[PDB]
């Protein structure tokens, strides 16, 4: 009902972080979807990260992530037996809005940009489930390299909006975009992004 409720602008290495339960999972191999809209000129940086709870390895070093690499969308995950990395054909860091959708069914993944053709990928077997219950970071983090194990080194400057995180637990209701302005547990150098 308010401009900016579902969008956030990141600058000067800002970020928001949400409790892990915004991206709750359950049973291994339950399908999961990430969808968001992004506008940025940033070539390399983190869009979304969820890794293991602080203090829990354990939970192994599993993670799910979305980001930009030389402007291309990248979807990268680790279930405990090797990383998958899916990369868009084209760069998306043109400062115009794009919709990006990342889907996973156990080891198998796909990405789609602007409702165009799928690109698929797989992580090596046998592991099928992500064990990560840490906070969900959007747009960056206070120390991106430490958070991501060096895989990313910065966030983005730009907006993320209409963030849908959904593990399709049997019987559960439809997902809804996350209220970025009222549900974060931590953040800095961010403001509502009208669009």
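Numbering follows the first chain given and starts at 1.
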{"query": "Given 114 to 122 and 92 to 100, the range whose Cα B-factors average higher in the PDB entry", "finding": "114 to 122"}
{"query": "Stretch exceeding the other in mean C-alpha B-factor - 133 to 141, 59 to 67", "finding": "59 to 67"}
{"query": "Given 127, 162, 157, 26, the residue at which the Cα B factor reaches its maximum", "finding": "26"}
{"query": "Record-listed C-alpha B factor of residue 188: chain third", "finding": "middle"}
{"query": "Residue 32 - which third its CA temperature factor falls in, relative to the rest of the chain", "finding": "middle"}
{"query": "Relative C-alpha B-factor of residue 168, binned into the chain's lowest, middle or highest third", "finding": "highest"}
{"query": "Assigned third (lowest, middle, highest) for the C-alpha B factor of residue 50", "finding": "lowest"}
{"query": "Ranked against its chain, the third holding the CA B-factor of residue 44", "finding": "middle"}
